[PDB]
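Trainee: Just structure_24.txt, nothing more (compact mmCIF, N, CA and C atoms):
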```
# COMPACT_ATOMS: atom_id res chain seq x y z
N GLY T 1 -5.67 -21.19 -39.48
CA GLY T 1 -4.91 -20.76 -40.64
C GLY T 1 -3.81 -21.74 -41.00
N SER T 2 -4.20 -22.91 -41.49
CA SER T 2 -3.24 -23.94 -41.87
C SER T 2 -3.52 -24.44 -43.29
N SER T 3 -2.54 -25.13 -43.86
CA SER T 3 -2.67 -25.66 -45.22
C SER T 3 -3.03 -24.55 -46.20
N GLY T 4 -2.34 -23.42 -46.08
CA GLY T 4 -2.60 -22.29 -46.97
C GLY T 4 -1.40 -21.38 -47.11
N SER T 5 -1.19 -20.52 -46.11
CA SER T 5 -0.08 -19.58 -46.13
C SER T 5 1.23 -20.30 -46.43
N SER T 6 1.91 -19.87 -47.48
CA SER T 6 3.18 -20.47 -47.88
C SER T 6 4.20 -20.39 -46.75
N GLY T 7 5.17 -21.29 -46.78
CA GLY T 7 6.20 -21.31 -45.75
C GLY T 7 5.78 -22.10 -44.53
N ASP T 8 6.72 -22.30 -43.61
CA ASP T 8 6.45 -23.05 -42.39
C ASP T 8 6.76 -22.21 -41.15
N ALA T 9 6.68 -20.89 -41.31
CA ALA T 9 6.95 -19.98 -40.21
C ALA T 9 5.81 -18.99 -40.02
N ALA T 10 5.24 -18.98 -38.82
CA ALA T 10 4.13 -18.08 -38.51
C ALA T 10 4.42 -16.66 -39.01
N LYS T 11 5.62 -16.17 -38.71
CA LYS T 11 6.01 -14.83 -39.12
C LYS T 11 7.52 -14.76 -39.36
N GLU T 12 7.95 -13.77 -40.14
CA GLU T 12 9.36 -13.59 -40.44
C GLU T 12 9.66 -12.14 -40.82
N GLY T 13 10.87 -11.69 -40.50
CA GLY T 13 11.26 -10.33 -40.82
C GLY T 13 12.52 -9.90 -40.10
N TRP T 14 13.23 -8.93 -40.67
CA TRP T 14 14.46 -8.43 -40.07
C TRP T 14 14.17 -7.68 -38.78
N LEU T 15 14.91 -8.01 -37.72
CA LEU T 15 14.74 -7.35 -36.43
C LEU T 15 16.03 -7.37 -35.63
N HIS T 16 16.15 -6.46 -34.67
CA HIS T 16 17.33 -6.37 -33.83
C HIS T 16 17.17 -7.22 -32.57
N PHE T 17 17.94 -8.30 -32.49
CA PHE T 17 17.88 -9.19 -31.33
C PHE T 17 18.98 -8.86 -30.33
N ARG T 18 18.58 -8.33 -29.18
CA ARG T 18 19.54 -7.97 -28.14
C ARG T 18 19.27 -8.76 -26.86
N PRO T 19 20.00 -9.88 -26.69
CA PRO T 19 19.87 -10.74 -25.52
C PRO T 19 20.40 -10.09 -24.25
N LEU T 20 19.72 -10.34 -23.13
CA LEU T 20 20.12 -9.77 -21.85
C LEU T 20 21.26 -10.57 -21.23
N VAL T 21 21.18 -11.89 -21.36
CA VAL T 21 22.21 -12.78 -20.82
C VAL T 21 22.01 -14.21 -21.29
N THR T 22 23.11 -14.94 -21.43
CA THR T 22 23.05 -16.33 -21.88
C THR T 22 23.58 -17.27 -20.81
N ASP T 23 24.59 -16.82 -20.07
CA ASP T 23 25.18 -17.62 -19.00
C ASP T 23 24.58 -17.26 -17.65
N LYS T 24 24.78 -18.14 -16.67
CA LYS T 24 24.26 -17.91 -15.32
C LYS T 24 25.36 -18.08 -14.28
N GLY T 25 26.30 -18.98 -14.55
CA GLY T 25 27.39 -19.22 -13.63
C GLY T 25 28.63 -18.42 -13.98
N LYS T 26 28.43 -17.21 -14.49
CA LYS T 26 29.54 -16.34 -14.86
C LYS T 26 29.25 -14.89 -14.46
N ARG T 27 30.22 -14.27 -13.80
CA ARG T 27 30.08 -12.88 -13.36
C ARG T 27 30.71 -11.93 -14.37
N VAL T 28 29.88 -11.38 -15.26
CA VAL T 28 30.36 -10.45 -16.27
C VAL T 28 29.98 -9.01 -15.92
N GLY T 29 30.83 -8.07 -16.32
CA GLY T 29 30.57 -6.67 -16.03
C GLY T 29 30.06 -5.92 -17.25
N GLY T 30 28.81 -6.16 -17.61
CA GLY T 30 28.22 -5.50 -18.76
C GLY T 30 27.80 -6.47 -19.84
N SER T 31 26.84 -6.06 -20.66
CA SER T 31 26.34 -6.91 -21.74
C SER T 31 27.50 -7.44 -22.59
N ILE T 32 27.26 -8.56 -23.26
CA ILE T 32 28.28 -9.17 -24.11
C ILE T 32 28.34 -8.49 -25.47
N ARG T 33 27.18 -8.10 -25.99
CA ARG T 33 27.10 -7.44 -27.28
C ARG T 33 25.84 -6.59 -27.38
N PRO T 34 25.96 -5.43 -28.05
CA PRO T 34 24.83 -4.51 -28.24
C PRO T 34 23.77 -5.06 -29.18
N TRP T 35 22.81 -4.22 -29.54
CA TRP T 35 21.74 -4.63 -30.44
C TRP T 35 22.30 -5.31 -31.68
N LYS T 36 21.91 -6.56 -31.90
CA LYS T 36 22.37 -7.32 -33.05
C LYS T 36 21.27 -7.43 -34.11
N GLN T 37 21.63 -7.16 -35.36
CA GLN T 37 20.67 -7.24 -36.45
C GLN T 37 20.80 -8.56 -37.20
N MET T 38 19.80 -9.42 -37.05
CA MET T 38 19.80 -10.72 -37.72
C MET T 38 18.38 -11.17 -38.04
N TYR T 39 18.17 -11.62 -39.27
CA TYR T 39 16.86 -12.08 -39.70
C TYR T 39 16.25 -13.03 -38.68
N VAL T 40 15.14 -12.61 -38.08
CA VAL T 40 14.45 -13.42 -37.08
C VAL T 40 13.20 -14.07 -37.66
N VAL T 41 13.11 -15.39 -37.56
CA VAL T 41 11.97 -16.13 -38.07
C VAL T 41 11.28 -16.92 -36.97
N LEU T 42 9.95 -16.89 -36.96
CA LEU T 42 9.18 -17.61 -35.96
C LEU T 42 8.52 -18.85 -36.56
N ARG T 43 9.05 -20.02 -36.21
CA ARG T 43 8.51 -21.28 -36.72
C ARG T 43 7.96 -22.13 -35.58
N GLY T 44 6.64 -22.20 -35.48
CA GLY T 44 6.01 -22.98 -34.44
C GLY T 44 6.10 -22.31 -33.08
N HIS T 45 6.99 -22.82 -32.23
CA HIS T 45 7.17 -22.26 -30.89
C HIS T 45 8.63 -21.92 -30.64
N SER T 46 9.42 -21.91 -31.70
CA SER T 46 10.85 -21.60 -31.59
C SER T 46 11.22 -20.44 -32.50
N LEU T 47 12.16 -19.61 -32.04
CA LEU T 47 12.61 -18.46 -32.81
C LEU T 47 13.97 -18.73 -33.45
N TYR T 48 13.98 -18.85 -34.78
CA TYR T 48 15.21 -19.11 -35.51
C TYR T 48 15.76 -17.82 -36.12
N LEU T 49 16.92 -17.40 -35.62
CA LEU T 49 17.56 -16.18 -36.11
C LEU T 49 18.57 -16.50 -37.20
N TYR T 50 18.89 -15.51 -38.02
CA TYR T 50 19.85 -15.68 -39.10
C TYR T 50 20.55 -14.37 -39.43
N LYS T 51 21.87 -14.43 -39.56
CA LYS T 51 22.66 -13.24 -39.88
C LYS T 51 22.36 -12.74 -41.29
N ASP T 52 21.82 -13.63 -42.12
CA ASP T 52 21.48 -13.27 -43.49
C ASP T 52 20.22 -14.00 -43.95
N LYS T 53 19.62 -13.52 -45.03
CA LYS T 53 18.41 -14.12 -45.56
C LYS T 53 18.72 -15.00 -46.77
N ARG T 54 19.90 -15.62 -46.76
CA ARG T 54 20.32 -16.48 -47.85
C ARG T 54 19.46 -17.75 -47.91
N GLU T 55 19.30 -18.40 -46.76
CA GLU T 55 18.50 -19.61 -46.68
C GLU T 55 17.84 -19.74 -45.31
N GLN T 56 16.55 -20.05 -45.31
CA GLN T 56 15.80 -20.20 -44.07
C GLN T 56 15.59 -21.68 -43.74
N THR T 57 15.24 -22.46 -44.75
CA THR T 57 15.00 -23.89 -44.56
C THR T 57 15.94 -24.47 -43.51
N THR T 58 17.21 -24.08 -43.58
CA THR T 58 18.21 -24.56 -42.63
C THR T 58 18.12 -23.81 -41.31
N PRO T 59 18.53 -24.48 -40.22
CA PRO T 59 18.50 -23.89 -38.88
C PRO T 59 19.53 -22.79 -38.70
N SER T 60 19.58 -22.20 -37.51
CA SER T 60 20.52 -21.13 -37.22
C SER T 60 21.94 -21.53 -37.60
N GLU T 61 22.86 -20.57 -37.54
CA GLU T 61 24.25 -20.83 -37.88
C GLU T 61 25.11 -20.89 -36.62
N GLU T 62 25.07 -19.83 -35.82
CA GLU T 62 25.84 -19.76 -34.59
C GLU T 62 24.93 -19.53 -33.39
N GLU T 63 23.86 -18.77 -33.60
CA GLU T 63 22.92 -18.47 -32.54
C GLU T 63 21.91 -19.60 -32.37
N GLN T 64 21.87 -20.18 -31.17
CA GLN T 64 20.95 -21.27 -30.88
C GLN T 64 19.51 -20.78 -30.85
N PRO T 65 18.56 -21.67 -31.18
CA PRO T 65 17.13 -21.35 -31.19
C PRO T 65 16.58 -21.14 -29.78
N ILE T 66 15.61 -20.23 -29.67
CA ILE T 66 14.99 -19.94 -28.38
C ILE T 66 13.52 -20.32 -28.38
N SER T 67 13.09 -20.98 -27.30
CA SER T 67 11.70 -21.41 -27.17
C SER T 67 10.82 -20.27 -26.66
N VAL T 68 9.67 -20.08 -27.29
CA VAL T 68 8.74 -19.03 -26.90
C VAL T 68 7.45 -19.61 -26.36
N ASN T 69 7.35 -20.94 -26.36
CA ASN T 69 6.16 -21.62 -25.87
C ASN T 69 5.66 -20.98 -24.58
N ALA T 70 6.59 -20.58 -23.72
CA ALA T 70 6.24 -19.95 -22.45
C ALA T 70 7.07 -18.69 -22.22
N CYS T 71 6.93 -17.72 -23.13
CA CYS T 71 7.67 -16.47 -23.02
C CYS T 71 6.76 -15.35 -22.50
N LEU T 72 7.35 -14.18 -22.29
CA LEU T 72 6.60 -13.03 -21.80
C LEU T 72 7.00 -11.76 -22.54
N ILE T 73 6.12 -11.30 -23.43
CA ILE T 73 6.38 -10.09 -24.20
C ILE T 73 5.81 -8.86 -23.51
N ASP T 74 6.51 -7.74 -23.63
CA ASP T 74 6.08 -6.49 -23.01
C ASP T 74 6.77 -5.29 -23.66
N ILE T 75 5.97 -4.42 -24.28
CA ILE T 75 6.51 -3.24 -24.94
C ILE T 75 7.67 -2.65 -24.15
N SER T 76 8.89 -3.01 -24.54
CA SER T 76 10.09 -2.52 -23.87
C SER T 76 9.89 -1.08 -23.39
N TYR T 77 10.56 -0.73 -22.30
CA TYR T 77 10.46 0.62 -21.74
C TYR T 77 10.57 1.67 -22.84
N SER T 78 9.98 2.84 -22.59
CA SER T 78 10.01 3.93 -23.56
C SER T 78 11.15 4.89 -23.25
N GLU T 79 12.32 4.33 -22.95
CA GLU T 79 13.49 5.14 -22.64
C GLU T 79 14.57 4.98 -23.71
N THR T 80 14.62 3.79 -24.31
CA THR T 80 15.61 3.50 -25.35
C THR T 80 15.29 4.26 -26.63
N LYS T 81 16.27 5.00 -27.14
CA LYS T 81 16.09 5.77 -28.36
C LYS T 81 15.34 4.95 -29.41
N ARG T 82 15.41 3.63 -29.29
CA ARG T 82 14.74 2.74 -30.23
C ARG T 82 13.23 2.76 -30.01
N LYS T 83 12.49 3.10 -31.05
CA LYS T 83 11.03 3.16 -30.97
C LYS T 83 10.41 1.91 -31.59
N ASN T 84 9.23 1.54 -31.10
CA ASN T 84 8.53 0.36 -31.60
C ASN T 84 9.30 -0.92 -31.27
N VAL T 85 9.87 -0.97 -30.07
CA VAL T 85 10.63 -2.13 -29.64
C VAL T 85 9.90 -2.89 -28.53
N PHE T 86 9.78 -4.20 -28.70
CA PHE T 86 9.10 -5.04 -27.72
C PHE T 86 10.10 -5.93 -26.98
N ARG T 87 9.89 -6.09 -25.68
CA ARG T 87 10.77 -6.92 -24.86
C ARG T 87 10.18 -8.31 -24.66
N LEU T 88 10.96 -9.33 -25.00
CA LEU T 88 10.51 -10.71 -24.86
C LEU T 88 11.41 -11.47 -23.88
N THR T 89 10.78 -12.18 -22.95
CA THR T 89 11.52 -12.95 -21.95
C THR T 89 11.09 -14.42 -21.97
N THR T 90 11.98 -15.29 -22.42
CA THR T 90 11.69 -16.72 -22.48
C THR T 90 12.16 -17.43 -21.21
N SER T 91 11.45 -18.49 -20.85
CA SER T 91 11.79 -19.26 -19.65
C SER T 91 13.26 -19.68 -19.68
N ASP T 92 13.83 -19.74 -20.87
CA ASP T 92 15.23 -20.13 -21.03
C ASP T 92 16.15 -18.92 -20.91
N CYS T 93 15.88 -17.90 -21.71
CA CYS T 93 16.68 -16.68 -21.69
C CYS T 93 15.83 -15.46 -21.99
N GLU T 94 16.45 -14.28 -21.95
CA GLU T 94 15.74 -13.03 -22.23
C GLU T 94 16.43 -12.25 -23.34
N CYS T 95 15.65 -11.47 -24.08
CA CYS T 95 16.19 -10.67 -25.18
C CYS T 95 15.20 -9.59 -25.59
N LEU T 96 15.60 -8.78 -26.57
CA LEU T 96 14.75 -7.69 -27.05
C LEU T 96 14.53 -7.81 -28.56
N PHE T 97 13.59 -7.03 -29.07
CA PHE T 97 13.28 -7.04 -30.50
C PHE T 97 12.71 -5.69 -30.94
N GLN T 98 13.38 -5.06 -31.91
CA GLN T 98 12.94 -3.77 -32.42
C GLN T 98 12.24 -3.93 -33.76
N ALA T 99 11.43 -2.93 -34.13
CA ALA T 99 10.71 -2.96 -35.39
C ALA T 99 10.87 -1.65 -36.15
N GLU T 100 10.33 -1.60 -37.36
CA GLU T 100 10.42 -0.40 -38.19
C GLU T 100 9.20 0.49 -38.00
N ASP T 101 8.03 -0.02 -38.38
CA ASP T 101 6.79 0.72 -38.25
C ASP T 101 5.91 0.13 -37.15
N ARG T 102 5.29 1.00 -36.36
CA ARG T 102 4.42 0.56 -35.27
C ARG T 102 3.54 -0.60 -35.72
N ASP T 103 2.81 -0.40 -36.80
CA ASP T 103 1.92 -1.44 -37.33
C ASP T 103 2.65 -2.77 -37.44
N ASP T 104 3.89 -2.73 -37.91
CA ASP T 104 4.70 -3.93 -38.06
C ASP T 104 5.02 -4.55 -36.70
N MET T 105 5.44 -3.71 -35.76
CA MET T 105 5.79 -4.17 -34.42
C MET T 105 4.62 -4.93 -33.80
N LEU T 106 3.47 -4.28 -33.71
CA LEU T 106 2.28 -4.89 -33.13
C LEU T 106 2.07 -6.30 -33.69
N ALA T 107 2.19 -6.42 -35.01
CA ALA T 107 2.01 -7.71 -35.67
C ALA T 107 2.82 -8.80 -34.98
N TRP T 108 4.11 -8.56 -34.81
CA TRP T 108 4.99 -9.53 -34.16
C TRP T 108 4.47 -9.88 -32.77
N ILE T 109 4.42 -8.88 -31.89
CA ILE T 109 3.94 -9.09 -30.53
C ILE T 109 2.76 -10.04 -30.50
N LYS T 110 1.78 -9.79 -31.37
CA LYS T 110 0.59 -10.63 -31.45
C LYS T 110 0.96 -12.05 -31.88
N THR T 111 1.43 -12.19 -33.11
CA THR T 111 1.82 -13.49 -33.64
C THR T 111 2.47 -14.35 -32.56
N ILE T 112 3.55 -13.84 -31.98
CA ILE T 112 4.26 -14.57 -30.93
C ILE T 112 3.35 -14.84 -29.74
N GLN T 113 2.89 -13.78 -29.09
CA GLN T 113 2.02 -13.90 -27.93
C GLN T 113 0.95 -14.97 -28.17
N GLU T 114 0.57 -15.15 -29.43
CA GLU T 114 -0.44 -16.14 -29.79
C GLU T 114 0.13 -17.55 -29.72
N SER T 115 1.38 -17.69 -30.16
CA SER T 115 2.04 -18.99 -30.15
C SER T 115 2.31 -19.46 -28.73
N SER T 116 2.94 -18.59 -27.94
CA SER T 116 3.26 -18.91 -26.55
C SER T 116 2.00 -19.26 -25.77
N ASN T 117 1.00 -18.38 -25.84
CA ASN T 117 -0.26 -18.60 -25.14
C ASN T 117 -0.82 -19.98 -25.44
N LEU T 118 -1.77 -20.42 -24.62
CA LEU T 118 -2.40 -21.72 -24.80
C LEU T 118 -3.08 -21.82 -26.16
N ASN T 119 -2.70 -22.84 -26.93
CA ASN T 119 -3.28 -23.05 -28.25
C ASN T 119 -4.58 -23.85 -28.16
N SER T 120 -5.41 -23.51 -27.18
CA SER T 120 -6.68 -24.20 -26.98
C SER T 120 -7.78 -23.54 -27.80
N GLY T 121 -7.47 -23.20 -29.05
CA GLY T 121 -8.45 -22.57 -29.91
C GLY T 121 -9.53 -23.52 -30.36
N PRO T 122 -10.61 -22.97 -30.93
CA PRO T 122 -11.75 -23.77 -31.41
C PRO T 122 -11.40 -24.59 -32.64
N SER T 123 -10.96 -25.83 -32.42
CA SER T 123 -10.59 -26.72 -33.52
C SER T 123 -11.65 -27.80 -33.72
N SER T 124 -12.92 -27.40 -33.65
CA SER T 124 -14.02 -28.33 -33.83
C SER T 124 -14.84 -27.98 -35.06
N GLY T 125 -15.38 -29.00 -35.72
CA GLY T 125 -16.18 -28.78 -36.91
C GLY T 125 -15.45 -29.17 -38.18
```
Since I need it in another form, could you write the structure as structure tokens?

Mentor:
Amino acid sequence: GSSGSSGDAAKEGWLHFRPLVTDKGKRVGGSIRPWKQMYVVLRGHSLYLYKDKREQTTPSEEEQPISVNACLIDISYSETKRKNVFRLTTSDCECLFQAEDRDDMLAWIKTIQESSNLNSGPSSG
């Protein structure tokens, strides 16, 4: 699916990004911030978040990009009042992602899981 779908991002849409931790050499007592709502865009193998949908062409503003090339998605536990939420863990850091409609959620999980996974698809012919 190349040279067709407009844009340069596999998928895009508003989602709640809740990181588990960013630092390692720091002893903190509790998460730094709760569920954050920022436009999340998937371009290639990196996740570019945005506090607003004013402009995508440009990179993030304050939140650094996260690599998903080797991440691990898993339907977040079914305990959080938040429904249709998938948990993603990148070799660099870990975070969460919520959705609106189940159908929509599944879409993301797939799209991403497809990017991270080996791109050894049939590119012959």

Trainee: Work out how far atom N of residue 73 in chain T is from CA of residue 9 in chain T, in Å to one decimal.

Mentor: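 Separation of CA of residue 9 in chain T and atom N of residue 73 in chain T: 18.9 Å.
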
Trainee: Would you kindly return, as a list in words, each protein, DNA or RNA residue with an atom no farther than 10 Å from any atom of range 110-113 of chain T, considering only C-alpha atoms and excluding same-chain residues fewer than 3 positions away?

Mentor: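 What passes the distance filter is residues 10, 11, 42, 43, 44, 45, 46, 47, 68, 69, 70, 71, 72, 73, 74, 88, 105, 106, 107, 116, 117 and 118 of chain T.
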
Trainee: Export N, CA and C atoms of the chosen residues as a tab-separated table (two decimals), in the frame of the given file?

Mentor:
```
chain	number	residue	atom	x	y	z
T	10	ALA	N	5.24	-18.98	-38.82
T	10	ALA	CA	4.13	-18.08	-38.51
T	10	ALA	C	4.42	-16.66	-39.01
T	11	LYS	N	5.62	-16.17	-38.71
T	11	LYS	CA	6.01	-14.83	-39.12
T	11	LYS	C	7.52	-14.76	-39.36
T	42	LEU	N	9.95	-16.89	-36.96
T	42	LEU	CA	9.18	-17.61	-35.96
T	42	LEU	C	8.52	-18.85	-36.56
T	43	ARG	N	9.05	-20.02	-36.21
T	43	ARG	CA	8.51	-21.28	-36.72
T	43	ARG	C	7.96	-22.13	-35.58
T	44	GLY	N	6.64	-22.20	-35.48
T	44	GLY	CA	6.01	-22.98	-34.44
T	44	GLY	C	6.10	-22.31	-33.08
T	45	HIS	N	6.99	-22.82	-32.23
T	45	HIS	CA	7.17	-22.26	-30.89
T	45	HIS	C	8.63	-21.92	-30.64
T	46	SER	N	9.42	-21.91	-31.70
T	46	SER	CA	10.85	-21.60	-31.59
T	46	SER	C	11.22	-20.44	-32.50
T	47	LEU	N	12.16	-19.61	-32.04
T	47	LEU	CA	12.61	-18.46	-32.81
T	47	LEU	C	13.97	-18.73	-33.45
T	68	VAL	N	9.67	-20.08	-27.29
T	68	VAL	CA	8.74	-19.03	-26.90
T	68	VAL	C	7.45	-19.61	-26.36
T	69	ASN	N	7.35	-20.94	-26.36
T	69	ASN	CA	6.16	-21.62	-25.87
T	69	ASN	C	5.66	-20.98	-24.58
T	70	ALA	N	6.59	-20.58	-23.72
T	70	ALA	CA	6.24	-19.95	-22.45
T	70	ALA	C	7.07	-18.69	-22.22
T	71	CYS	N	6.93	-17.72	-23.13
T	71	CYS	CA	7.67	-16.47	-23.02
T	71	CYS	C	6.76	-15.35	-22.50
T	72	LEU	N	7.35	-14.18	-22.29
T	72	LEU	CA	6.60	-13.03	-21.80
T	72	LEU	C	7.00	-11.76	-22.54
T	73	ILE	N	6.12	-11.30	-23.43
T	73	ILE	CA	6.38	-10.09	-24.20
T	73	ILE	C	5.81	-8.86	-23.51
T	74	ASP	N	6.51	-7.74	-23.63
T	74	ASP	CA	6.08	-6.49	-23.01
T	74	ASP	C	6.77	-5.29	-23.66
T	88	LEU	N	10.96	-9.33	-25.00
T	88	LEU	CA	10.51	-10.71	-24.86
T	88	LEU	C	11.41	-11.47	-23.88
T	105	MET	N	5.44	-3.71	-35.76
T	105	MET	CA	5.79	-4.17	-34.42
T	105	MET	C	4.62	-4.93	-33.80
T	106	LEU	N	3.47	-4.28	-33.71
T	106	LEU	CA	2.28	-4.89	-33.13
T	106	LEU	C	2.07	-6.30	-33.69
T	107	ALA	N	2.19	-6.42	-35.01
T	107	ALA	CA	2.01	-7.71	-35.67
T	107	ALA	C	2.82	-8.80	-34.98
T	116	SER	N	2.94	-18.59	-27.94
T	116	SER	CA	3.26	-18.91	-26.55
T	116	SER	C	2.00	-19.26	-25.77
T	117	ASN	N	1.00	-18.38	-25.84
T	117	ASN	CA	-0.26	-18.60	-25.14
T	117	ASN	C	-0.82	-19.98	-25.44
T	118	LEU	N	-1.77	-20.42	-24.62
T	118	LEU	CA	-2.40	-21.72	-24.80
T	118	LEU	C	-3.08	-21.82	-26.16
```

Trainee: Where does DSSP see strand (DSSP E or B) in range 11-113 of chain T, if you list the residues as an MDAnalysis selection string?

Mentor: chainID T and resid 11:21 36:43 46:50 66:67 71:74 85:90 94:98

Trainee: So that I can see what lies close to residue 13 in chain T, please list as a VMD selection string the residues with an atom at most 8 Å from it, counting only C-alpha atoms and leaving out residues fewer than 3 positions away in the same chain.

Mentor: chain T and resid 39 to 41

Trainee: What are the DSSP alpha helix (DSSP H) residues of chain T, as a compact mmCIF listing (two decimals) with N, CA and C atoms, in the frame of the given file?

Mentor:
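The result, stored in result.txt:
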```txt
# COMPACT_ATOMS: atom_id res chain seq x y z
N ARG T 102 5.29 1.00 -36.36
CA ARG T 102 4.42 0.56 -35.27
C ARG T 102 3.54 -0.60 -35.72
N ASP T 103 2.81 -0.40 -36.80
CA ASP T 103 1.92 -1.44 -37.33
C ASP T 103 2.65 -2.77 -37.44
N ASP T 104 3.89 -2.73 -37.91
CA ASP T 104 4.70 -3.93 -38.06
C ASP T 104 5.02 -4.55 -36.70
N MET T 105 5.44 -3.71 -35.76
CA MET T 105 5.79 -4.17 -34.42
C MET T 105 4.62 -4.93 -33.80
N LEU T 106 3.47 -4.28 -33.71
CA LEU T 106 2.28 -4.89 -33.13
C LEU T 106 2.07 -6.30 -33.69
N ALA T 107 2.19 -6.42 -35.01
CA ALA T 107 2.01 -7.71 -35.67
C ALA T 107 2.82 -8.80 -34.98
N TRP T 108 4.11 -8.56 -34.81
CA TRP T 108 4.99 -9.53 -34.16
C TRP T 108 4.47 -9.88 -32.77
N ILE T 109 4.42 -8.88 -31.89
CA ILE T 109 3.94 -9.09 -30.53
C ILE T 109 2.76 -10.04 -30.50
N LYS T 110 1.78 -9.79 -31.37
CA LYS T 110 0.59 -10.63 -31.45
C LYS T 110 0.96 -12.05 -31.88
N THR T 111 1.43 -12.19 -33.11
CA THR T 111 1.82 -13.49 -33.64
C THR T 111 2.47 -14.35 -32.56
N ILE T 112 3.55 -13.84 -31.98
CA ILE T 112 4.26 -14.57 -30.93
C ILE T 112 3.35 -14.84 -29.74
N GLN T 113 2.89 -13.78 -29.09
CA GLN T 113 2.02 -13.90 -27.93
C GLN T 113 0.95 -14.97 -28.17
N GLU T 114 0.57 -15.15 -29.43
CA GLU T 114 -0.44 -16.14 -29.79
C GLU T 114 0.13 -17.55 -29.72
N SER T 115 1.38 -17.69 -30.16
CA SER T 115 2.04 -18.99 -30.15
C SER T 115 2.31 -19.46 -28.73
N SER T 116 2.94 -18.59 -27.94
CA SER T 116 3.26 -18.91 -26.55
C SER T 116 2.00 -19.26 -25.77
```

Trainee: Between CA of residue 97 in chain T and CA of residue 54 in chain T, what is the distance in Å, rounded to a tenth?

Mentor: 21.0 Å

Trainee: So which residues touch residue 33 in chain T within 7 Å, counting all atoms listed in the file, skipping near sequence neighbours fewer than 2 positions away, as number ranges by chain?

Mentor: T: 18-19, 30-31, 35-36

Trainee: Between CA of residue 66 in chain T and CA of residue 99 in chain T, what is the distance in Å, rounded to a tenth?

Mentor: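 Between CA of residue 66 in chain T and CA of residue 99 in chain T the gap is 18.9 Å.
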
Trainee: Can you work out which one of T:37, T:124, T:60, T:2 has the shortest atom-to-atom distance to residue 15 in chain T, counting only N, CA and C atoms?

Mentor: T:37

Trainee: Identify, on the basis of only N, CA and C atoms, every residue whose closest approach to residue 22 in chain T does not exceed 8 Å; exclude the query and any residue fewer than 6 positions from it along the same chain; express the result as a list in words.

Mentor: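 Final neighbour list, sorted by chain and number: residues 32, 92, 93 and 94 of chain T.
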
Trainee: Could you save those same residues with N, CA and C atoms as an mmCIF file, in the coordinates of the input?

Mentor:
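Result written to part19.cif:
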```cif
data_model
loop_
_atom_site.group_PDB
_atom_site.id
_atom_site.type_symbol
_atom_site.label_atom_id
_atom_site.label_comp_id
_atom_site.auth_asym_id
_atom_site.auth_seq_id
_atom_site.Cartn_x
_atom_site.Cartn_y
_atom_site.Cartn_z
ATOM 1 N N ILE T 32 27.260 -8.560 -23.260
ATOM 2 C CA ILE T 32 28.280 -9.170 -24.110
ATOM 3 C C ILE T 32 28.340 -8.490 -25.470
ATOM 4 N N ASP T 92 13.830 -19.740 -20.870
ATOM 5 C CA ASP T 92 15.230 -20.130 -21.030
ATOM 6 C C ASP T 92 16.150 -18.920 -20.910
ATOM 7 N N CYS T 93 15.880 -17.900 -21.710
ATOM 8 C CA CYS T 93 16.680 -16.680 -21.690
ATOM 9 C C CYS T 93 15.830 -15.460 -21.990
ATOM 10 N N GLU T 94 16.450 -14.280 -21.950
ATOM 11 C CA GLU T 94 15.740 -13.030 -22.230
ATOM 12 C C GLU T 94 16.430 -12.250 -23.340
#
```

Trainee: Excluding same-chain residues fewer than 4 positions from residue 62 in chain T, what lies within 8 Å of it counting only N, CA and C atoms, as a PDB file with N, CA and C atoms, keeping the file's coordinate frame?

Mentor:
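Result written to around20.pdb:
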```pdb
ATOM      1  N   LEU T  49      16.920 -17.400 -35.620  1.00  0.00           N
ATOM      2  CA  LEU T  49      17.560 -16.180 -36.110  1.00  0.00           C
ATOM      3  C   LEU T  49      18.570 -16.500 -37.200  1.00  0.00           C
ATOM      4  N   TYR T  50      18.890 -15.510 -38.020  1.00  0.00           N
ATOM      5  CA  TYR T  50      19.850 -15.680 -39.100  1.00  0.00           C
ATOM      6  C   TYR T  50      20.550 -14.370 -39.430  1.00  0.00           C
ATOM      7  N   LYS T  51      21.870 -14.430 -39.560  1.00  0.00           N
ATOM      8  CA  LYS T  51      22.660 -13.240 -39.880  1.00  0.00           C
ATOM      9  C   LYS T  51      22.360 -12.740 -41.290  1.00  0.00           C
TER      10      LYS T  51
END
```

Trainee: Using only N, CA and C atoms, which of the listed residues (T:90, T:61, T:109, T:95) sits closest to residue 21 in chain T?

Mentor: T:95

Trainee: Counting only C-alpha atoms, which of T:59, T:119, T:67, T:8 gets nearest to residue 91 in chain T?

Mentor: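 Counting only C-alpha atoms, the residue closest to residue 91 in chain T is T:67.
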
Trainee: Could you check which of T:26, T:5, T:76, T:82 is closest to residue 96 in chain T, using all atoms listed in the file?

Mentor: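 Ranking T:26, T:5, T:76, T:82 by distance to residue 96 in chain T, first place goes to T:76.
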